[PDB]
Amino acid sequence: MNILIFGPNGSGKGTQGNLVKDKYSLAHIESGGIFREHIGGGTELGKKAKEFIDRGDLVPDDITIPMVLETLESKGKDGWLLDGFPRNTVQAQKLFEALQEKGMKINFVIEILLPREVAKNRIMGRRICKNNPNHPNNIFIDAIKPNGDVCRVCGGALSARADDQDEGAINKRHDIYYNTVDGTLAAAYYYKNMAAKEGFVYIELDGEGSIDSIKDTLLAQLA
């Protein structure tokens, strides 16, 4: 079972992917870990990639796509969940052609749907408990609203994290994710639009339902 997952920052995408990967014993493959395996491990592709990174340039798609496929072959032989790549349409189509050339089949593509204003507010609304950072509090998510100014689980003090309040940075990542010309939504839709012809199932998850409700609908449509 091979799955691609898409969703913006603010959509709970890591949480949902973790649940799927545990249930189906999948390798969870994330674009950052691919580079550490190849750039850090000095594979022939990684030594080639690292000459771009070390000038401040990006790695070209003709090196990145073979890296991804090498990792999928190596870590994903009993099934994989690919998270965070592709980000744009050129990458999505190069990835699809590379997977076909190696006979590697996509079985599911999952997209978590959330309006961009909702996604941004969910990130900025997070409040961290001083006593235990695991305690979920979010001023913009009714089911886990704080108890006034304090933690709804234990009554500890709450604070905001500066990176969650950095609106210029949140907006530049959502700019790319929500770009339906050639950004990540256009990439997700390129897969949606060929699912029926290519024999895979495209699953749309409504990101506004609860952690439990989303997990139920998802684990039902893969089962």
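When you see a residue number, it is the position in the sequence shown, counting from 1.
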Task: Greater mean Cα temperature factor according to the PDB record, 210-218 or 13-21 - done: 210-218
- [ ] Between 122-130 and 136-144, name whichever shows the higher mean Cα B factor according to the PDB entry.
- [x] 136-144
- [ ] Among 197, 174, 50, 161, single out the one with the highest C-alpha B factor in the record, please.
- [x] 197
Open item on the list: Highest recorded C-alpha temperature factor, please, choosing from 75, 87, 116, 152.
Closed with: 75
- [ ] Please place residue 31 in the lowest, middle or highest third of its chain by C-alpha B factor as given in the entry.
- [x] highest
- [ ] Ordered by C-alpha B-factor within the chain, which third holds residue 100? Give me lowest, middle or highest, please.
- [x] highest
- [ ] Could you look up the Cα B-factor of residue 60 in the entry and say which third of the chain it sits in: lowest, middle or highest?
- [x] middle
Open item on the list: Please place residue 3 in the lowest, middle or highest third of its chain according to the CA B-factor in the PDB entry.
Closed with: middle
Task: Third of chain Cα B-factors occupied by residue 40 - done: highest
